[PDB]
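Structure first, commentary second.
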Amino acid sequence: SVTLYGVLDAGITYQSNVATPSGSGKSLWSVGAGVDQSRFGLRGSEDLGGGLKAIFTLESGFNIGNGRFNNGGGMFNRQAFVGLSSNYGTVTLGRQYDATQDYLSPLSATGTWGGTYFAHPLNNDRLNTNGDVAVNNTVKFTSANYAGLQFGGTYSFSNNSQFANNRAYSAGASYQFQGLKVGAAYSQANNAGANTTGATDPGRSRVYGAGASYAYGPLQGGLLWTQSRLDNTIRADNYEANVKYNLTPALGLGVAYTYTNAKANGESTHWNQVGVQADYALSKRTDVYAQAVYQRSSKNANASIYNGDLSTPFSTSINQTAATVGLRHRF
Amino acid sequence: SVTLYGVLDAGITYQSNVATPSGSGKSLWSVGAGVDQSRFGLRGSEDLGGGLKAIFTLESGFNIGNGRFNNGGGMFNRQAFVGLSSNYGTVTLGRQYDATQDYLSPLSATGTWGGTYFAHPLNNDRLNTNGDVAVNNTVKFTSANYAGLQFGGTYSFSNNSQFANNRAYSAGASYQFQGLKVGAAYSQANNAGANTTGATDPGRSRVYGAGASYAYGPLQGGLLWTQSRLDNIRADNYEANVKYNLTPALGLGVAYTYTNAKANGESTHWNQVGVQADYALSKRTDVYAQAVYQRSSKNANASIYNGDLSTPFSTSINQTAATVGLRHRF
Amino acid sequence: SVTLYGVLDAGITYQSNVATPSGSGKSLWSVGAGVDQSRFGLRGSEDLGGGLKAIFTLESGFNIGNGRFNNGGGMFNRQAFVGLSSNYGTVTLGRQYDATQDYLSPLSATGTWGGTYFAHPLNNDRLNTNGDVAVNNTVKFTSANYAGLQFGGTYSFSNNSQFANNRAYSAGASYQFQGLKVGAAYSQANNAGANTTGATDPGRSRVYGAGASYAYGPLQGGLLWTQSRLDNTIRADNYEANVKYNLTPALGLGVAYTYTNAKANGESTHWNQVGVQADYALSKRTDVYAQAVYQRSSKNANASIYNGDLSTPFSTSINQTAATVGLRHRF
């Protein structure tokens with residue numbers, strides 16, 4: 001039947017250099033989501049019989065600092081879908097995440113233990129869900145396990161009289177074998193953000209990616225490459241390596257490094273980001289975390305560690321550092 | 001006690017001719033609510049004793065396509081009321097539907113099996129609830145069953161220093177006898193939509209209606225007439241509907257509505273017909289398929305109500321709407 | 001585990017003189033919250049063991065008249081916090097009420113049986129919660145009972161590159177001894193309401209207060225003084241006395257009177273407000289109430305009984321009276 005769930009993440013974050021309305025740059029202290037975005041949701045599954053089940057998920061994301069909605073402000077701004085699931089496959093209709101989150105995000109640190117501040121610059125590949133990365137009016141298929149091989153795709157309508165006014169589609173697959181995990185996916189959007197009725201909330205946007213991860217005992221490591229492109233021209237490539245080791249069953253330590261190269265009108269911009277996180281689990285539901293991330297950029301641009309808000313100003317320097325200590329609770 | 005409930009309706013809908021910002025008109029494909037508006041809510045009843053019970057309903061409507069609120073965007077945009085219920089009657093305070101939804105809507109196809117696209121042109125009679133048809137700041141009384149005879153009324157404040165800035169009131173009754181069901185109601189609004197504090201969310205508006213329905217076995221039929229008036233435009237709606245249950249799990253429905261309107265002394269005509277097939281996978285989950293056709297007079301255009309009044313008209317006098325969808329209850 | 005709760009308050013209210021867009025003033029009849037603001041929420045507490053428990057509260061306020069959010073419109077506009085609680089103290093992070101609501105509000109009639117219309121003029125001391133009195137990005141500590149002595153403090157971040165751009169902090173204490181209860185608190189805000197990222201949702205604001213209350217049998221009485229100050233210049237002092245007598249265990253009668261003296265640019269304004277309330281409890285969850293409030297001001301200003309909305313226009317005269325009859329239900 002119906003199940004209520006949620007995760008609450010509240011912590012204090014210090015950012016070293018955030019630009020001011022005046023030309024200067026000052027340190028920013030904030031109370032908000034550190035790793036995961038605070039959310040609450042409803043999920044259910046009704047056994048219709050004959051191997052068929054009706055399924056639904058309604059998930060709403062909010063900021064525990066101010067209590068407001070994020071991801072645009074709708075009711076169920078993260079996920080809202082219903083569909084039928086069989087042993088053949090699952091088809092779901094509604095506001096959902098595309099294949100890049102289904103198959104690429106599990107390989108990245110921002111999609112696992114790292115969360116927000118371990119995201120790639122400006123979340124250009126849309127890997128982290130502490131942002132409006134879901135697409136509206138989406139039809140999604142997810143295949144069966146097929147011996148660890150799972151593939152799926154999504155197609156998103158614009159709900160406007162113009163077909164390509166806000167269309168999006170994606171496809172991906174992943175294979176898991178013991179500790180080894182491999183995945184790849186692709187997503188495309190057409191005129192993303194034009195109208196309110198379309199898939200991408202307010203040219204041609206594309207994301208490519210492939211990566212792998214291995215987990216032997218307490219040690220888990222992974223490497224991933226992603227590319228985000230915008231045409232009709234900006235292009236960016238992200239190269240990430242991440243490692244998490246569980247010293248204690250309750251204590252895990254994670255390190256990640258990302259190099260980002262971007263082509264904005266044919267000239268190169270570079271980002272190098274490194275971050276460390278220690279998380280201690282007080283229980284299955286509650287844990288405490290602490291993390292520090294460092295990013296320095298090339299001299300032709302500035303540094304910005306993604307803090308969940310794209311509107312946050314860049315650093316005045318090529319230097320920015322972010323440190324967070326927080327509490328995370330599930331129910 | 002308190003109960004969480006909800007209905008999820010997701011389907012793909014095709015409209016034949018929806019106008020574009022440019023003069024041309026194009027077909028529109030959308031993923032959203034086909035029959036019923038997706039909603040979730042909390043309902044409760046506490047037995048206070050002595051035949052008295054406290055009741056409340058908080059109901060929020062949203063679109064599963066984008067996850068956003070409808071009906072203006074408030075939290076509980078469909079219904080939000082509390083009140084006391086006794087064997088004499090029930091009084092409730094809050095954002096509620098008027099008598100036309102209480103007594104006329106059960107007779108219409110748009111209020112039963114048809115839903116959104118089976119509504120009369122532009123939902124002029126306010127029969128369909130896939131829109132902002134509730135009224136704010138409403139006092140409502142509903143009588144006892146009295147041998148199948150139930151009557152009720154509503155009174156709605158403006159919550160502004162001008163009383164008639166957004167006043168509304170309604171009254172209606174319905175009688176049910178074996179297969180026969182009969183109902184009639186009246187609703188009036190004064191300066192509807194003027195201020196944000198008033199009953200109708202952003203002259204003198206009135207709605208009339210009376211109809212009847214009969215249900216023998218798998219065959220259920222009904223016919224209804226409604227009239228909507230605007231003062232300080234006039235429209236009459238004539239509807240006939242039938243639903244037959246081929247299989248206990250499979251139902252077929254057909255409906256036809258003719259609408260005649262007098263706007264500044266000029267007559268406008270609409271004829272709307274629709275067919276729907278629904279199969280019940282369970283008590284909670286079903287799948288449906290439907291097709292609707294509407295033709296207008298050449299002095300105007302056709303528009304099948306799709307739940308959004310801002311949706312542009314057809315460029316032609318012809319419009320067609322087709323939907324296939326999934327509906328789940330929890 | 002997690003618990004869903006809520007309060008529904010619906011009543012009809014009559015105000016004698018509310019200003020109109022045209023110079024005239026007309027009587028206003030409204031359907032809305034009489035005493036308490038309608039709300040729903042989720043609360044939970046997980047026993048982490050060893051005397052430590054994780055706790056959270058997510059509370060949303062709405063108006064049953066229109067179904068809309070109040071207190072700015074966010075999801076959890078009243079309270080949204082998570083924290084850890086031990087026998088030493090409790091620390092919580094998120095959108096919370098400051099010390100003035102923790103320790104001063106219980107002494108006032110507006111914070112107990114009176115509610116909205118028993119609030120001081122313009123709710124200047126922020127004692128009533130039928131308004132946006134919570135502060136964002138707040139770290140709060142609440143001490144143990146210490147033999148009826150409870151003290152606490154709050155600190156609220158600006159979440160902007162400027163530290164004091166929308167900063168707030170508060171501190172307070174309360175002592176309870178049999179029937180007698182005494183409390184005092186202090187709150188300060190810097191540039192309240194400037195930016196969206198700060199503590200107070202859209203100069204220098206401070207509130208002081210101290211009071212005491214006694215309850216012997218069915219007779220309950222209290223007296224309280226508060227001062228609210230605004231610079232960059234207004235200052236106001238409120239003197240309140242309140243009495244509640246329970247004729248029947250289910251029937252209570254309440255009377256309250258407040259005198260307010262204000263300094264606006266060096267000129268004095270006077271308010272005298274009197275109100276009476278009778279409430280009959282149909283059960284522990286359901287009760288019915290009736291109340292009438294009268295306020296008179298000096299001729300250099302106007303009268304306005306706080307109706308939960310600060311934007312409500314004043315009376316055209318120095319005279320205003322407010323009467324409400326309503327139903328209040330808990331779940």
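Proteins come first, then strands; the chains are lettered A, B, ... in the order of their sequence lines, and each starts at number 1.
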Verify side-chain contact (heavy atoms from CB on, under 4.5 Å) between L58(A) and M75(A), making sure each step is shown before the conclusion.
CA-CA 9 Å; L58(A) 306 172; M75(A) 180 47 204; over 6 Å; no

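- Taking 4.5 Å as the limit, every side-chain heavy atom of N245(B) sits out of range of all side-chain heavy atoms of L250(B).
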Checking ring-ring contact (aromatic ring centres under 6.0 Å, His included) for the pair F69(A)/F76(A): CA distance, chi angles, key distance, verdict?
CA-CA 9 Å; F69(A) 292 117; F76(A) 301 111; 8.8 Å; no

Please lay out, stage by stage, how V82(A) and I55(A) fare under the test side-chain contact (heavy atoms from CB on, under 4.5 Å).
CA-CA 6 Å; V82(A) 66; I55(A) 57 163; over 6 Å; no

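- Within the 4.5 angstrom heavy-atom criterion, only side-chain atoms of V2(A), from C-beta onward, approach chain B.
- Ranked by heavy-atom pairs under 4.5 Å with chain A, the first of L28(B), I64(B), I12(B) is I64(B).
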Check the pair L246(B) / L252(B) against side-chain contact (heavy atoms from CB on, under 4.5 Å), numbers first and verdict last.
CA-CA 7 Å; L246(B) 288 299; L252(B) 197 287; 3.8 Å; yes

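- With a 4.5 angstrom heavy-atom cutoff, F157(A) touches chain B only via side-chain atoms.
- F118(A) meets the ring-ring contact (aromatic ring centres under 6.0 Å, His included) test with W113(A); sequence neighbours excluded.
- In terms of non-hydrogen atom pairs under 4.5 Å with chain B, the most contact-rich of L52(A), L42(A), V139(A), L48(A) is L48(A).
- Residues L8(B) and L326(B) form no side-chain contact, since every pair of their non-hydrogen atoms from C-beta on lies 4.5 Å or further apart.
- Neither the backbone nor the side chain of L4(A) comes within contact range of chain B; no heavy atoms are under 4.5 Å apart.
- In this structure, the side chains of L309(B) and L122(B) come closer than 4.5 Å at one or more pairs of heavy atoms.
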Tell me which donor-acceptor pairs, judged by distance alone and kept under 3.5 Å, run between chain B and chain A, one pair per line.
residue : atom : partner : partner atom : Å
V31(B)  : N    : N159(A) : OD1          : 3.2
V31(B)  : O    : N159(A) : ND2          : 3.2
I64(B)  : O    : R95(A)  : N            : 3.2
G65(B)  : O    : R95(A)  : N            : 3.4
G65(B)  : O    : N137(A) : N            : 3.1
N66(B)  : O    : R95(A)  : NH1          : 3.3
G67(B)  : O    : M75(A)  : N            : 3.2
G67(B)  : O    : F76(A)  : N            : 3.0
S282(B) : OG   : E46(A)  : OE1          : 3.4
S282(B) : OG   : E46(A)  : OE2          : 2.6
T285(B) : OG1  : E46(A)  : OE1          : 2.5

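- In this structure, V18(B) and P312(B) approach most closely via the heavy-atom pair CG1-CD, 3.7 Å.
- Chosen from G6(B), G67(B), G73(B), the residue pairing most often with chain A at heavy-atom distances under 4.5 Å is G67(B).
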